[PDB]
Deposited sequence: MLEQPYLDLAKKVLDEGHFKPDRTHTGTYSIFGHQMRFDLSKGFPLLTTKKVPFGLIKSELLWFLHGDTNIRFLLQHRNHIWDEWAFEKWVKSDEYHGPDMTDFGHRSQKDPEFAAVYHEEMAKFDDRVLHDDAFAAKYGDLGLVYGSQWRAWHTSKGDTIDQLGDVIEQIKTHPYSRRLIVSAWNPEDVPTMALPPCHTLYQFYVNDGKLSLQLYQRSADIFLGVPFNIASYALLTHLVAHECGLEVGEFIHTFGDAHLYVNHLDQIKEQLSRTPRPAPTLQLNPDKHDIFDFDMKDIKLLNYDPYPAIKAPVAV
C-alpha cells in the first residue's frame, strides 16, 4: 500500500535500530541514512493507520508558502502545532507578569495543565487581537517561511528562494540545481530549532515532477506522519503551478529515531491494516500557489484509524 514504507521504516527501527541518547534526555532507538519513496500518482500518502489531520498540514503549509512566520495566521485556522515556541519568548519576556520554567511539565503535573492551558489560551487570544503583542511574541522569525521565501542575504536584502526555483522549473525544467535549502550556517549555531527539513530539491523528467527531502532528524511516531504529508503536498502544488504531472516524493533521513516513550504506541499502530489511500484534488482553475487558500486543496476519501495519544 502507499504508506507501507512508513510502516516498514517504523518496523526496521524497532527490529535493528540501536539505542541512542538525545538532546531531550529521553532515550531513542535510532538509525542513520534511510530512504522511502512514494509514487504520488497512486494516491496521496496521508497515513491511514493513524489519524493525521490534513487541515493542520495545509494551513501550516500555506503559512510557509506565504513567507509568514507569525503564529497568528495559524491560530485563525485552529492550528496550534507551532504554539509553544511563541509562548516561550513570552514567558521569558522582561515584561511578563503571571511560573513556566513548561513543556517538561505537561504530564509531569496535572495541576500545571490547568494553569498552563489558562496562561496559553490567555496568550493565543491576545495574539489574535492585540497587534503589538503579536508583532512581538507571535512572530517566530527564522522558521520555514523566511528561509524559503525571504532568506536573509548578506547585503541585508532578502531572497525569494522558493519562488526563484519555481520560475527555474518553469524555465529550465531539467537542471539538477532545483534546490531549496533551509540551512543557514550563519544562524544554526544560535537559533531555536536548526531546521529538521534541511533541504529539498525538485526534479523533472518526461512530464512528471518529483521532490526529495533531506530531513536531518525525524521523530518517527510524531514527526514523520505530518512531514511526509507536508512535503507530498508541496510536490503536488508545484507540479500544479508548473502544469507538470506529479511523480515521486522521496523522503531521505539522517537520524530517524523512535523515542522510547513511543514504543507501545508504534506497536499498536503496527497492528492496524492500512486502508486505500486518499486522492488529492487541487483546484483546477487556480495556479499561483503562493495564492492558495484552504479551499483550493481538498482531500477526497481519507479514512483513518484513530489517533494514538503520545508523550511529545
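Colleague: Give the ranges of the deposited sequence, numbered from 1, for which the structure holds no C-alpha coordinates, in sequence order.
Modeller: Holes in the chain trace, numbered from 1: 99, 103, 315-316.
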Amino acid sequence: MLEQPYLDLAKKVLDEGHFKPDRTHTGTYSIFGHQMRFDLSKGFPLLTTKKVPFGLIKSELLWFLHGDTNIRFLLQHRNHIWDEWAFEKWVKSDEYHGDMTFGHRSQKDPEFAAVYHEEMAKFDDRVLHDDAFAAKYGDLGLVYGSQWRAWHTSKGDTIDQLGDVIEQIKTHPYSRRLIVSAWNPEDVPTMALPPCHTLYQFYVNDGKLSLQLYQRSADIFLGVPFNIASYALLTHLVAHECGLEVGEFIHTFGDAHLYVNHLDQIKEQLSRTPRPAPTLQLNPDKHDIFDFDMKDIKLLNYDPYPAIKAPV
From here on, numbers count along this sequence of modelled residues.
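The term rigid core refers to the most C-alpha atoms you can superpose between the two forms while keeping them within 1.5 Å.
Colleague: Core-superposed in 4 other deposited structures of this protein, which stretch deviates more in Cα positions, 22-30 or 276-284?
Modeller: Result of the core-fitted comparison in 4 other deposited structures of this protein: 22-30 deviates more.
Colleague: On a core superposition, give the stretch, 265-273 or 249-257, with the larger average C-alpha separation from this form in 4 other deposited structures of this protein (RMS over structures and residues).
Modeller: After superposing on the rigid core, the more displaced stretch in 4 other deposited structures of this protein is 265-273.
Colleague: Comparing 214-222 with 135-143, which has the greater mean CA B-factor as deposited?
Modeller: For C-alpha atoms only, the mean B-factor is higher in 135-143.
Colleague: Where do the C-alpha atoms have the higher mean temperature factor in this entry, in 256-264 or in 52-60?
Modeller: Mean CA B-factor is higher for 256-264.
Colleague: Out of 208, 236, 129, 177, whose C-alpha atom has the biggest B factor in the entry?
Modeller: Across 208, 236, 129, 177, the entry lists the biggest C-alpha B-factor for 129.
Colleague: Using the temperature factors in the entry, find which of 124, 164, 186, 99 has the highest value at its Cα atom.
Modeller: In the PDB entry, the greatest C-alpha B-factor among 124, 164, 186, 99 is found at 124.
Colleague: Among the chain's modelled residues, which third holds the C-alpha B-factor of residue 272?
Modeller: Tercile = lowest for this residue's CA B-factor.
Colleague: According to the PDB entry, is the CA B factor of residue 310 in the bottom, middle or top third of its chain, that is, lowest, middle or highest?
Modeller: CA B-factor rank for residue 310: highest third.
Colleague: Of the three thirds of its chain by CA temperature factor, lowest, middle or highest, which one includes residue 66?
Modeller: According to the entry, residue 66 has a C-alpha B-factor in the chain's lowest third.
Colleague: Among all modelled residues of this chain, ranked by Cα B factor, put residue 42 in the bottom, middle or top third, i.e. lowest, middle or highest.
Modeller: As the PDB entry reports it, the C-alpha B-factor of residue 42 lands in the middle third of its chain.
Colleague: Check where residue 26 lands among this chain's C-alpha B-factors and tell me if it's the lowest, middle or highest third.
Modeller: Highest third.
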